[PDB]
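Student: If you scroll down you'll find the structure; I have some questions about it.
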Amino acid sequence: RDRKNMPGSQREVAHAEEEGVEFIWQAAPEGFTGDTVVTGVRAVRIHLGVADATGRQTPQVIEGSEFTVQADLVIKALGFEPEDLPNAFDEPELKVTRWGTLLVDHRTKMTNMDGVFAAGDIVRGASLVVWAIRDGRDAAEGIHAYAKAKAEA
Amino acid sequence: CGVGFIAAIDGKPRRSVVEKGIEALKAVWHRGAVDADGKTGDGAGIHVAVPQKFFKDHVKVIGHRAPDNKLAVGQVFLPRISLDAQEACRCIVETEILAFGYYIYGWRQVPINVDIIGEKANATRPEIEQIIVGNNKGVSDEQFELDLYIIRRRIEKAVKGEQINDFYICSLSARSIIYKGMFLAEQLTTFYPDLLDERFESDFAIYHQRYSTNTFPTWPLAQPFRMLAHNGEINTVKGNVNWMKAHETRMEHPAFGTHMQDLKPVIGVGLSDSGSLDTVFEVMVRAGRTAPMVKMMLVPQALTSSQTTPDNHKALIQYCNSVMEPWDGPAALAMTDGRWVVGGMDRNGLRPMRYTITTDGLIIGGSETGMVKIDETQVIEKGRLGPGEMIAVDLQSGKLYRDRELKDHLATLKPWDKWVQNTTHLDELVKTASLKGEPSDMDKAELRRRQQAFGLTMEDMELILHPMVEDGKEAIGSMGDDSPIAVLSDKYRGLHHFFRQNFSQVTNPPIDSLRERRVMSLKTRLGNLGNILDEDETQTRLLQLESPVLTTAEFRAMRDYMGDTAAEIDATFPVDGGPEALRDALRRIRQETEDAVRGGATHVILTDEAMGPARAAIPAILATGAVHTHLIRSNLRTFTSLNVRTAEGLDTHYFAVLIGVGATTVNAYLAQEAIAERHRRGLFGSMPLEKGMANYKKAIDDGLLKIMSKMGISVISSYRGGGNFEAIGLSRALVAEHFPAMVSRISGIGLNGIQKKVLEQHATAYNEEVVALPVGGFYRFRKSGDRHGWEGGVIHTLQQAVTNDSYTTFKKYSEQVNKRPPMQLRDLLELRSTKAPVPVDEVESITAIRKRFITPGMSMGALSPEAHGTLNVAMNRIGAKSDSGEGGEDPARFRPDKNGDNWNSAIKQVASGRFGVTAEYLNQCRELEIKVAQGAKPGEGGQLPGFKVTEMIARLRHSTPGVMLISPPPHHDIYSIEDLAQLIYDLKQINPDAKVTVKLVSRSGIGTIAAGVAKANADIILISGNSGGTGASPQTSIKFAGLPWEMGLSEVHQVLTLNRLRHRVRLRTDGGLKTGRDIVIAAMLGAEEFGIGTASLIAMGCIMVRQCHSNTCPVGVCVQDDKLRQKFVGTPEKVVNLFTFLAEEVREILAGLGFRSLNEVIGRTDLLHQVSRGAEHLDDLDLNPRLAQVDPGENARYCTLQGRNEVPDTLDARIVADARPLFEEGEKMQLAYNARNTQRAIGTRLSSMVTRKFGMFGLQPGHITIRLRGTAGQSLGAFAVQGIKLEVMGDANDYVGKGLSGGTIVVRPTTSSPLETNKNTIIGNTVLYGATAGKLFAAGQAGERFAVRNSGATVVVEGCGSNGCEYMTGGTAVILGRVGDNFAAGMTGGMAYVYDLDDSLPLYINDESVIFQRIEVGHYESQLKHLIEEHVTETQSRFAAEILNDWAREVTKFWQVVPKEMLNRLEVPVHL
Amino acid sequence: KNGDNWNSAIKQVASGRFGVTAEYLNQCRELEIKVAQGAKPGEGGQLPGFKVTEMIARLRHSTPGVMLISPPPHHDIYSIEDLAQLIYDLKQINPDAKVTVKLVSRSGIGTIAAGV
Ligand SMILES: Cc1cc2nc3c(=O)[nH]c(=O)nc-3n(C[C@H](O)[C@H](O)[C@H](O)COP(=O)(O)O)c2cc1C
Ligand code: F3S
């Protein structure tokens, strides 16, 4: 993508540039040429048209742009995903979304099964720590209310 | 007027279809016939499917059982006046329906309410009834339809048998039902309340309303016809009926059987052209063909001679051309069988038709994209239709078929590629032609003998023949010829001189031949005619010719090719035969041809080789007429062909006259021999013989192409034997016994006079010795030939009489003009009254009459500024009305000078070119005039030589210096009567003070167009004559076109007074008005005002050189140089005294006549009497078909109504009432409104007010802005001044930005429309017609003929169509998308930027005067960058921003088109 | 030049009359009588001390650097009769426009509405 819409914050970009890192925008890797220790990275530049009627630019590849970068040690940071929870806890009734994150109600922060609640970063995705604390406080209130009710009934 | 159709894709009934159909029909009153009565209509109809459940309920109510098979309903118009006919009509229909055993279910009378139609349309109201019948044999559907059609035909014939008028059958079937009548469109659901039931549901419907040209209605003449609808008129109908009567003899098919005999007269009598097309369509589809098949056969696609189309398409085109003659002309066809629904165009795409697709699987098409109210976000496609294209809906399978899909699927029927090779061509025969047996030419003595035998002079051998064979084009004359008509002259003239050419006024438009060469073809098909219903390969085994005219060697090759199937006819008759020898010769050839055709012969060659001292040559025209009409009458023309060998064909007019009769080929061997003998004598230079021959052939072909395009037709195949001419001065009996159908107003000589003339010429040519060809007087004045109109004595007398300022010399002038031999028709008449004279000072004052004269228009290019200004000031100082002529006017001449003279004109011309019309130009006059067709050259464009346009005229017409600037032969804005009404409405909106005038040319059939244009809110019909001058025109057009103004005027008067419309207009004539007698005769005929024209030029000093088209006028009138302009001699006082003398003469003439004023002699045409020429000519000319008139009654015979007829105003008037501060203080304004498609020419009166207050460029751009929401109206923003900005959220209909002069129009789709802004039409056709300056930014695709006559506009569009940027003279046009065909036709100014994708633009460009390249100099890159930046920041488009985003490498995909005449006249040149 | 009419169309007459001159009431198509403002009824509009610069001082013929407060009453309308008198004067000084009266919703405003 472009620097203007990097999913991170801008202070990190400026600091990494100050320390001496080199940036190459609008690219995607395809191959890692090498025998046992990777020697080079075969990658291709990409193009971004204007945004759609929604606000999500569409990428495309250049048919004539191909390049190779020097490589000694490649570190992938493609992202993260949630695990497969049902078979992980021997509870195959855990209602999960297709994306891997589990479902939970909006009001009480309680999942499908009773007693068990779920809140934090596993519900949303790759959110921040402030959202984590928000969900934690909401789940704490939900647990308190539900436990008082269950002790009462 | 209008036509539209609604169809559902899936194929199931629903009430929504009929609801939307009615809603759309209820929004056409703006294009209709607005009048003063308030109730009279002009014809409206709808055509839907049969609601079986409704009639089942009805018959259940009656008392019978509810049947299973679909019922059949038939609507009939029965006589109402005499009940004694209803019984016979019921009798016939019942005895012919029960003839097969069908169970009649009953009768029914449809509810009506006659309280809503007018009164003239009610006295002709018939009785309307419906029959309900059923099926009892369990017959299939196709056989049911066949039987119903046969029953209908038999009933029609039987009713014809009893001669019972006023009987009709609307539609008789089980799938379709038609509700049509002679009421107003909107009131339809109030006339036929049956359509308000909750069961009338269908899956398709077609609606139409027609524009009545005459005011006398007739119910069965209202579309939709039986299984067809139509818009416009067909140029050639009189030529198709003959070919249909010819094909009548070889049509039969086992799908009909014995009943086929009862289908012979396929075309009845009295039905309009659309009706004939409808009937032949129904016959051709009742055999098994599908609707697209018969459509492609009837109206073929124009054969583009490029490999840019699939080959199977080309083979199908060849086949469909070979099987049936085309029916060209304006047509937006909407046909529908019981299964398919097809919409289609003509060859050229003359009339618009646009459609749209909703989300519900519903397609809605018509003439305006706003007639139906639909949600703007529930659409999926807004499409248009190009020329020859078509759209189809398959209801049996429920599928939409676009253009290419349908053409492919239809080519997937039969192997059309394998059959086009079954024919035999001609090129292979001419290349392998035997180079032996070459003929030895005659000795020069016999050649001169044979040439004198035809009265053929020698001046033609250098004036009209030498320039043709030298360069390869026709000759050009520079003054209107005023020689006497053929029947009056005594010297022998060619018989062709009695046949004038036909052309089309505003009813059907002309077509340019210098630019539209891709659409016209001159193929000829020998061995062509065959069975029209058969489907096999024996139909495409024939001979094909590239031209009808052929040389001698080619003719010998073809004759040897024909083998032993040739037949020769003697075209000579004995000199000593007797007084009636011509009748015997014609009878002999007529019986001989009919004897030879049955014997087995198949090709009749008619040659005149048998000419000798004892045998004179029969006029080949009469021979061809006789033989063709006999073969048509005897059901034999289909079996044979007809080749003719003439002996006098030298011009381009004789061949056209001969082909219009019915001949196929022509080989004038005397012309080739003369060319050869004049070449071997060494006067052309060092050019080879065959090269000159080729140039000659090409010139003849181009002349015939021009003469075919003048009428409006496109293909020669539908012109052969059409009778499209005009006969003058021949007996009715002869012209109707030996010519198919030609109008003969006045009779003339018969056969004996022609025999005498021919024998006289034969005797004076053969029996004596001639050594030298005489000069002959036919084009310019010579003493040896016949008389002329402007002789030396007459002109010198007039000049002396106007210089000495004396009246008695003018009297001598008039007496000399009068005592001349009879030369023109108006001479034969004589005034006659029963009164006694009065003192000369009892008639009206001199000024009271001088307030009626004007001068006709003259071009600023073919005259000098000095002479033009002199005429203008002379006409202004007297108090009469002057002229400005085509070519604009100098602005500095708008206000008076210190000497007290107004050097501005009074009448402005808006011609086919629109070379100077601006905001200010249309607001410096008191009258308007639409120059439809000029006097000397009908249906031709305003010609002007290239080297005459200096810097002055080039900067006055927004053109390039020194280039032949020819006006478009068509008008591009007047295609039908509704368009002319729209143009008049615009021209009256732009100037609320003046009035608009129309100029017509006298010819037969002008009465209909007169009664039509009178209802178009006009108030002056200026009838020109054929004896009027010009600037530069081909001699053939001047000599062989038009009729004297007497006939046209006496016809217009009668037709206008018959329809009670005479009291609403004014009638004015000109042409040859020289002395007072002619003026008073014209006033007697019905005219009120008068024009003089060329005579005025004689008063200025013109010496009649007739060499004005070379810029060397000796008296310095038609001069554009420097040394020649100083020779001017004229003076306005000359014109002053001329007009004063004419006024005094007419005053004295009316005084001696007896009356007191002119207002009492106008229309009293019984004061004229016809006398004879003498006791020696023995002709029978009867002008009585003019001397009759219609008794008016209450309303007078003149214009009793002062002031123009105002027009209904649109919302713009209310706009003026809101924008007061803009007129009182000068501050910006921002307005917004909701528009509909019934708001014509919005924002025009605001432009008028702005240009009246400030000026052309007195306001800063973007001063006032107006935002409209929804579909706009027609001709948006006509003539906008700088500052006004009209933004639209939606789409426009047509003529958007017409005549722009500084406005800024922006069109864009709505924000809530999920549509690609570069693949859906957002505007219509002829965008920016004749604009002058201003920016235009579109956000969609344009129609056809986009940006024509552009002069200073800067437009940005993401599309184009056929003939885009035609004749672009200046400005810029950025185009982002595929273009149509024939791009930049004849462009000579401006620059174009095209954005190709598949790199195919060189396959579509018409590289004649423009070159296309890549963008090279960075200056042009920056220019295009600026333009696209403004476009994307003004419309906020998506594709523009996309292109601009990936700008780094996308510039290599651009093509730049620049004319060739400006490669070295630019500051920054093209190439490095 | 650009055709912007920075002029107003409705002129006010407050309880202070800080700019009311002869001409200032002849450049409008409507007058105005500000009886009681919406939020703070029965009180005069204020203006802080450090906001009055030289421009507004010349506009109101006052002294810079001081807090402006108009008197709560209008000093010309002490009853309905004086209101009618002032309406007469305002209609006579401007023989072209109309007049108006601005109030504030409360109980019993119908009677004063009928009065005005
Ligand atoms: C030299 C010349 C130039 C003309 N130019 C125009 C013209 O530009 N536009 C037009 O409508 N008619 C033009 N006309 C035709 C006149 O308007 C008018 O129809 C004709 O001159 C009448 O002929 P008359 O003088 O014999 O009556 C021209 C005629 C002549 C002789
Ligand atoms: S009549 Fe015409 S041809 Fe020249 S001399 Fe006069 S302008």
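Scheme for the structure tokens: letters A, B, ... for chains in order shown; per-chain residue numbers from 1; ligand numbers from 1 in order shown.
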At a cut-off of 6 Å around ligand 2, and using only C-alpha atoms and all ligand atoms, what residues come up? Please write them as a PyMOL selection string.
Tutor: chain B and resi 1102-1108+1113-1115+1117-1118
Student: Hey, what's within 12 Å of stretch 1190-1197 of chain B if we count only C-alpha atoms and toss same-chain stuff fewer than 2 positions away? As a PyMOL selection string, please?
Tutor: chain B and resi 1050-1067+1083-1088+1158-1166+1186-1188+1199-1201
Student: Which residues are near ligand 1 - at most 8 Å, using only C-alpha atoms and all ligand atoms? Format: as a ChimeraX atom specification.
Tutor: /B:478-480,855-863,885-887,909,911,931,933-936,942,1024-1025,1027-1031,1070-1073,1091-1096,1108,1118
Student: To one decimal in Å, tell me the separation between atom CA of residue B:390 and atom CA of residue B:342.
Tutor: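 Distance reported for this atom pair: 6.9 Å.
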Student: May I have the residues within 9 Å of residue B:1010 as JSON, numbers by chain, using only C-alpha atoms and disregarding those fewer than 4 positions away in the same chain?
Tutor: {"B": [213, 214, 1000, 1006, 1014, 1015, 1021, 1052, 1055, 1056]}
Student: Let me see the file: selected residues, C-alpha atoms, as a PDB file, in the first residue's frame.
Tutor:
```pdb
ATOM      1  CA  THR B 213     -49.325  17.604 -42.220  1.00  0.00           C
ATOM      2  CA  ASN B 214     -52.822  18.462 -43.496  1.00  0.00           C
ATOM      3  CA  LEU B1000     -39.296  27.331 -50.227  1.00  0.00           C
ATOM      4  CA  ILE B1006     -45.604  21.819 -52.289  1.00  0.00           C
ATOM      5  CA  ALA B1014     -48.225  26.829 -41.680  1.00  0.00           C
ATOM      6  CA  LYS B1015     -49.161  24.862 -38.550  1.00  0.00           C
ATOM      7  CA  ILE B1021     -43.754  31.567 -46.656  1.00  0.00           C
ATOM      8  CA  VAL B1052     -49.763  27.254 -52.094  1.00  0.00           C
ATOM      9  CA  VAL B1055     -54.020  24.675 -50.459  1.00  0.00           C
ATOM     10  CA  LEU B1056     -53.771  27.254 -47.671  1.00  0.00           C
TER      11      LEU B1056
END
```
Student: Which value, in Å to one decimal, gives the distance between atom CA of residue B:1120 and atom CA of residue B:864?
Tutor: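 Between atom CA of residue B:1120 and atom CA of residue B:864 the gap works out to 6.8 Å.
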Student: Using only C-alpha atoms, which protein or nucleic acid residues come within 10 Å of residue B:1381? Drop anything in the same chain fewer than 6 positions from it, and give the result as an MDAnalysis selection string.
Tutor: chainID B and resid 304 518 1344 1360:1364 1401 1403:1406
